[PDB]
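Computation of the quantities below employed the complete heavy-atom set of this structure, encompassing side-chain atoms and omitting hydrogens, waters and symmetry-equivalent molecules. Letters A, B, ... mirror the listed sequences (proteins, then strands); counts begin at 1.
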4 protein chains.
Amino acid sequence: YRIXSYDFXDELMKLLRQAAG
Amino acid sequence: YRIXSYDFXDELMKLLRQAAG
Amino acid sequence: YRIXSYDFXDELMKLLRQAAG
Amino acid sequence: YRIXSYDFXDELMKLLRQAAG
């Protein structure tokens with residue numbers, strides 16, 4: 001799930017975890 | 001849009017901006 | 001915020017609203 | 001990744017796929 005060079009998939013997974021402490 | 005005291009809405013909006021840069 | 005002709009931004013905003021109902 | 005009864009994780013995964021046809 002990439003937007004050009006950005007790995008949106010990865011950043012979103014990190015956010016989900018960060019918000020579910 | 002928060003999960004507990006985590007500002008998920010905001011962080012997601014920041015990801016959409018970064019991904020779009 | 002689109003992936004090709006898919007309006008991802010919009011659909012995501014709709015998910016945030018539904019999840020918050 | 002739940003918001004009350006809503007499975008945000010699941011809906012978001014479906015959206016990612018839908019936008020990556």
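- Here the CD-CZ distance, from B:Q18 to A:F8, works out to 10.5 Å after rounding to the nearest 0.5 Å.
- A distance of 11.5 Å separates CG in C:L16 from CD in D:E11, rounded to the nearest 0.5 Å.
- Rounding to the nearest 0.5 angstrom, the gap separating the OH atom in D:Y6 from the CG atom in C:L15 is 4.5 Å.
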> Can A:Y1 and D:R17 be said to form a side-chain contact (heavy atoms from CB on, under 4.5 Å), step by step?
Replying inline: CA-CA 9 Å; A:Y1 294 132; D:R17 287 206 285 289; 3.5 Å; yes

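- At distances below 3.5 Å, not a single donor-acceptor pair connects side-chain atoms of B:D7 with backbone N or O atoms of B:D10.
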